[PDB]
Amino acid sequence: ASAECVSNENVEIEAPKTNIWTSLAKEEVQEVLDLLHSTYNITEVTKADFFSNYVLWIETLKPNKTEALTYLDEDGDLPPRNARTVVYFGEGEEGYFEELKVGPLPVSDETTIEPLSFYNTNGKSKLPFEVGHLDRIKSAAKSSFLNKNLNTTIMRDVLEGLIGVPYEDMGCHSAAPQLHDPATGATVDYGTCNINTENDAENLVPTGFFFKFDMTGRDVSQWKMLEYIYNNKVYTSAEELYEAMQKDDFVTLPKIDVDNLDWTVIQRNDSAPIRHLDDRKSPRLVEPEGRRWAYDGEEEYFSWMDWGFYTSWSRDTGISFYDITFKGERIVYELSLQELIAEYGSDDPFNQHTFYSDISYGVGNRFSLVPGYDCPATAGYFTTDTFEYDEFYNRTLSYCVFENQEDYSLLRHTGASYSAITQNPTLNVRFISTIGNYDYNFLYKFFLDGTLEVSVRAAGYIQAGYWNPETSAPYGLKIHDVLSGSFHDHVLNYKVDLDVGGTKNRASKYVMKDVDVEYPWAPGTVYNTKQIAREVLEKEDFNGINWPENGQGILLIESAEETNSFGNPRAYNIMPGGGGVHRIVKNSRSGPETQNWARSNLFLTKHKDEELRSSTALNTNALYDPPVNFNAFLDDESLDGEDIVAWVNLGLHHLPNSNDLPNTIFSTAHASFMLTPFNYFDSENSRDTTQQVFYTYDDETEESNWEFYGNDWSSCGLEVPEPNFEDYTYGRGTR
């Protein structure tokens, strides 16, 4: 019956400047790859080995900050357009990966190729083979080596006898990182076997069969199996284990029931009854009058309710944000996820040697978002791209942008014959990175007042461990017949380059404490009360900062000189949400210097172009001398009136239980922090939105009045649209 709601089309805009942080165009990558091929003897990755040279990566080397700001704020020149490339060189006496700068682009006679190392605290462009990237070539070699050893007549018999299925029915693989010893030069690695499945559930059927091997050097004929480990006993050869197994006293631990694996299946059971009313569609968010954010498609610049920002995408980390402005002023120069680790504790030599660096695998080289489900149907989707091993990957549905209506209002008050309520619509930018078993859901949520919330939720299949009743209990709960929910930490680092009221800032904390005082108006009477005291964080602190006990503090990044009208420094408060935790372990043999940012909740440093990133894709196996040692940034420099960067961590101490099988859920695996204005303005700045109501009641007449500021709530008809399911296809990008 009702008239149709008033439709409006999506709005596109022109960015104020070009996106100087954007990924390389296909043509730029091609020119660089061509130049690499004409400069060096380059072999195609599919034909390469440890003695070839081949190209791994080619991506944008982002501009330095000062040149970026000059361009953005002072009509300066476009910064130089350069590529970072990573090439493996095996032609020489020793193999190594080298980072090289190729630029400027487009390729011309001005273009040079030079060693690139300025952002590496270790000062090196070359990463030695022994601590090299676990790339396609090294992975294939390790796989071939494991097969060579595990598929002999003897080992086939040992594996089947212990595990209960033949070798064809399991998959053997290695722990990460590898373990290189700089003192002796040896490189060893542990591994395990899991039952093969058709539903990606291998991590739920680990067999408890382990091994250790020596993979030192580029000649694989010299690699050797060192140990087989089973039921906490060590065997130095296949033969020794085989013989042990023939003895009457040999103990074989309970085997996995591979005929009953329904408990690992995620999707719906066709025999399961529907809950009452679940035969009705769940609620849907709709936009009655169309989309309320705008964008420039060519420059990936976004605008929504006085916020602006550009996005950028990398293979290592996924999305990044640059030049985030609110009401025309920059609040954050760069906001960028840097690293995510997963560090296991266990009784067994596979999980106890697991300390993943997810950027080493790649966070930005995964799968598309599923419309309607991973993001609401009203989302818009964006394509990004990467380059790896000879192929340029186009990734559609890479990230999404949507306006939510939060289910609580932004503010309200009822009094004095009126009610004033302001709605809480938010802009949301999401991407989801499924890295093997885990699914990481990243969200950036912007609010009308100038507040931004950064969050992550995790789900997917856990990396469980075999349950041995004699030894597994201190490290996990028994969650299935022979399965432990191995204990681990997830920790993520974010580079938060706040520039509050300019680049020159101070960091301070309001410390809250109870104190005994006497007041002039009650002489002699002691009162126990509470006070605040502002403390300036004067210099970089090696210990970092941990959130105060009982929440007794507020952490601010202040403008050094700008104040509001009441004399307060303009500031933003870094407010922790859930997941304000850091690593429990302090001294890991699997990460001695490779992830040193993960030991406190947050760190504050002086901004430097050479301190670009807190980890690298090349860090994980370089245990003692990684390209970036985060601790090198902490060298007691003044932060008092300086360009400051906050490196903020979110984390989870995950101890999986029944509520993680078959999968972990996103609702209770959540971490977040907010950046909220604190004396940044003279008042709270959502007041100008039209998405609010002002209700008044007239005491004489007994007449109500409703002011909706141009929003007509009358019933109207709308089409609830089918999501773009057709745009989703399985896979990690189009090559």
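Numbers for residues come from their place in the sequence shown, where the first is 1.
Relative to its counterpart among 682-690 and 45-53, 45-53 has the higher mean temperature factor, C-alpha atoms as listed in the PDB entry. Higher mean CA temperature factor between 396-404 and 214-222: 214-222, per the PDB entry. Considering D643, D278, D200, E453 together, the PDB entry gives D200 the largest C-alpha B factor. Per the deposited coordinates, the residue with the largest Cα temperature factor out of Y228, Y242, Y440, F326 is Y242. When all modelled residues of the chain are sorted by CA temperature factor, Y40 is found within the highest third.
Ranked within its chain, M575 lands in the middle third, by CA B factor from the PDB record.
Residue-level temperature factors show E114 in the highest third of its chain, judged at the C-alpha atom. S559 sits in the lowest third of its chain by CA B factor, as recorded in the PDB entry. Residue-level temperature factors show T426 in the lowest third of its chain, judged at the C-alpha atom.
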